[PDB]
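Novice: first chunk of the complex, coordinates as they sit in the assembly:
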Amino acid sequence: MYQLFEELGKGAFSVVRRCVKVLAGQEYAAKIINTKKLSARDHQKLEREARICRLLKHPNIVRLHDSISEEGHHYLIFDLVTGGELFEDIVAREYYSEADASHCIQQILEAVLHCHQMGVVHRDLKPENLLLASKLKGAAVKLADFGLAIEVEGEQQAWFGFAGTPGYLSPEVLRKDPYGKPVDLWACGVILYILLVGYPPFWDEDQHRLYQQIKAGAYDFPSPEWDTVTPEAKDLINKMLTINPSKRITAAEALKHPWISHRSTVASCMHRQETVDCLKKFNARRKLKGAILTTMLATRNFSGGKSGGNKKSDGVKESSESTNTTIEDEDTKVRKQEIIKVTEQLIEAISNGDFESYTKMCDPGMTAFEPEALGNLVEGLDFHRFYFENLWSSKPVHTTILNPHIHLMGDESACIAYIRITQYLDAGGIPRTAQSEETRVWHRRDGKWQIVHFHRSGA
Amino acid sequence: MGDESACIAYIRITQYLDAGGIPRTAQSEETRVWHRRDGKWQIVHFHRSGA
């Protein structure tokens, strides 16, 4: 059904690759999940992932087009978005301000609101899920990958499992409390914070200490970098990074926050180069750290790659191996002799009165000096046509070429000079003979020798 | 030479046949002096050589 092309990204248990639907001629992203490496439970919950992704129809969410299982693999086929990560794109930009971060977060919150309205909680919102629609200027930010997403029943909270990414985990998930939609607003607070200053609000080498920080809500706004951030951006972060999920801002309420809805009078327009610089390092530290979880029930070293091949000529070119050797023309002929060949064909064409073959061997702008031109230079083949039509269209005539000399001037140019003697009969012969000295200037154009100029004397 | 006057000079070469050709060729040098009279070019004088 589909044809797989380049890889676009990875997880521990999936890769994503561009693909083309064979019968459609439409391109898509294929999420290819190695089901042999999943738990029974995570394999089964692919049904839930497939279902959630079909439900979701929104301009800022990538949608599912198809789901296929084979013996060792499951395929979830989505829209292709080609802009890559928002976060990578931010660091390549010429200008980046609070007003620009507000537009990013608004798009994310719109997507999240739509999830929440459909009874979907993402649970694992992080920079990797934030993709750009295309490489065009001002492309939309799009949510991609809902592999840890859950379905909830109205506003009911439950214990859906300990799942997420350490830095973005909500306090309630870490306290083992029943949870729901607000987990995604905590993660948006963490993302917003990183969008403003380029580093996360909670970080520790020791994961247990990290979790105590999260549960305590122990983040800060240190000088110098937060000194130029507006109070309203800080207010929105505070409202999202509220420890008690019942008191945390919702996605609907966040979208009405002045830093978002009154962006044009509230959000700063100042370029934040330090954010761009910190975000580069953040982005780089994210790409060294493997997608691997803290631990699992297995003992296999990571392996596997995709090799190309190189295009090669078909058939049996030669017995011994030929690794791109400098091949030359095969043993066909000698170049002087080649000139002799086309020249003999020329003389035969003139003798037979065949203007058709004479035209092919002559350049359309052929130059000519001959006694029939009375000392003038003639261009073209119109002049010799009068002799092809009248005279040569026919008593016995024998030509004889004497003392031919050939000058080879590169692969594409040559010149031959010789003496032509013609034996003929005039009226009631009386056999006669005439001498002429002829020069032909040949030039190979598109693999064919053509006369560019010729000179004749005493005829 | 203005809107109403012009002059062209060229070499005329004629290929023909005499009696039982035997293709022949002849050269002449020709000058034509054109003049527009009432919106129409007309020859007022011409000169030929070697014909």
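Specialist: In hand now; what should we look at? Residues are numbered from 1 along each chain as shown, chains lettered A, B, ... in the order given.
Novice: grab the nearest non-local neighbour of the residue in the stretch 251-400 of chain A that chain B sits nearest to.
Specialist: Closest to chain B within the stretch 251-400 of chain A is residue A:386: 4.0 Å, counting by CB to the nearest CB. C-beta: built from backbone N, CA, C; applies to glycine. Spatially, and ignoring its direct neighbours in sequence, residue A:386 is nearest to residue B:15 (4.0 Å; CB to CB, 6 or more residues apart in numbering or on different chains).
Novice: could you give the angle of the helix or strand hosting the one you found to helix A:382-389?
Specialist: For residue B:15, the host element (DSSP states H and E) is strand B:5-17. For strand B:5-17 against helix A:382-389, the angle by axes from the mean of the first three to the mean of the last three CA atoms, to 10 degrees is 20 degrees.
Novice: quick check: the gap between residue A:159 and chain B.
Specialist: Per CB to the nearest CB, to the nearest Å, residue A:159 is found 101 Å from chain B.
Novice: err, residue A:411, not the other one
Specialist: Distance of residue A:411 to chain B, computed by CB to the nearest CB: 37 Å.
Novice: that residue contacts residue A:449, correct?
Specialist: No. Judged on CB atoms under 8 Å, residue A:411 makes no contact with residue A:449 at a distance of 11.5 Å.
Novice: so for those two, which sits in the more crowded spot?
Specialist: residue A:449 (20 against 9; other CB atoms under 10 Å in any protein chain shown).
Novice: beta partners of the more buried one?
Specialist: Beta-bridge partners recorded for residue A:449 (DSSP bridges): residue A:444.
Novice: with residue A:377 instead?
Specialist: Per DSSP bridges, the residues bridged to residue A:377 are residue A:369.
Novice: show me the contacts for it.
Specialist: Applying CB atoms under 8 Å, 6 or more residues apart in numbering or on different chains, one finds that residue A:377 lies in contact with A:367, A:368, A:369.
Novice: the second one against residue A:383, yeah?
Specialist: In this case it means residue A:368. Yes. The criterion here is CB under 8 Å, and residue A:368 meets it with residue A:383 at 6.8 Å.
Novice: ok, residue A:364 touching residue A:382?
Specialist: No. Between residue A:364 and residue A:382 there is no contact under CB under 8 Å: 10.5 Å.
Novice: residue A:412: what's it in contact with?
Specialist: Residue A:412 is in contact with A:443, A:444, A:445, counting by CB under 8 Å, 6+ apart.
Novice: tack on chain C:
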Amino acid sequence: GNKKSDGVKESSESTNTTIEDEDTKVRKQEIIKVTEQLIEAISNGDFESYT
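Specialist: One more chain to add, chain C, which I have set with the ones above:
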């Protein structure tokens, strides 16, 4: 070091395929140059330059 500005240029016997660069380089005039030098060499009776 030995970083001379006008470095010397020597090819082996190379193949010379046609080269249609978009810019209009001059060459016809070059032929006209060497030809005029030829005619002047013949006129002056300078067999040295003619050789």
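Novice: please look at the contacts of residue A:377 again, because chain C has been put in.
Specialist: Neighbour list for residue A:377: A:367, A:368, A:369 [criterion: CB under 8 Å, 6+ apart].
Novice: tell me the buried residues in stretch A:226-245?
Specialist: A:229, A:230, A:232, A:233, A:236, A:237, A:239, A:240, A:241, A:242, A:243, A:245 (16 or more other CB atoms under 10 Å in any protein chain shown).
Novice: and if you look at stretch A:142-157?
Specialist: Buried, per 16+ other CB under 10 Å, within stretch A:142-157: A:142, A:143, A:144, A:145, A:146, A:147, A:148, A:149, A:150, A:152, A:157.
Novice: could you do stretch A:409-422 as well?
Specialist: Buried residues in stretch A:409-422 (16+ other CB under 10 Å): A:414, A:415, A:416, A:418, A:420.
Novice: now flag whichever of these is closest to chain C.
Specialist: residue A:414 (13.9 Å).
Novice: verify the stated contact: the closest one with residue A:405.
Specialist: No. Judged on CB under 8 Å, residue A:414 makes no contact with residue A:405 at a distance of 11.1 Å.
Novice: just flag the most distant two among the buried residues of stretch A:226-245.
Specialist: Taking CB to CB, the two most distant members of those are A:230 and A:245; they sit 25.9 Å apart.
Novice: next up, the contacts around residue A:245.
Specialist: A:170, A:171, A:172, A:179, A:180, A:182, A:183, A:186.
Novice: which ones are touching the second one?
Specialist: Just to be clear, that refers to residue A:171. By CB under 8 Å, 6+ apart, the neighbours of residue A:171 are A:186, A:214, A:215, A:217, A:243, A:245.
Novice: point me to the residue of the stretch 201-350 of chain A nearest chain C.
Specialist: residue A:328 (10.1 Å).
Novice: okay, now that residue: neighbour count?
Specialist: 6.
Novice: now it: phi and psi?
Specialist: phi -120, psi 180 (degrees, to the nearest 10).
Novice: near residue A:357, how many other residues are there?
Specialist: Counted by other CB under 10 Å, the residues lying close to residue A:357 total 14.
Novice: correct me, but it touches residue A:345?
Specialist: Yes. If you go by CB under 8 Å, residue A:357 and residue A:345 touch, sitting 7.3 Å apart.
Novice: residues from chain A in reach of chain C?
Specialist: A:410, A:411, A:412 (CB under 8 Å from any CB of the partner chain).
Novice: let me see the contact set for the second one.
Specialist: Applying CB under 8 Å, 6+ apart, one finds that residue A:411 lies in contact with A:444, C:15, C:16, C:17.
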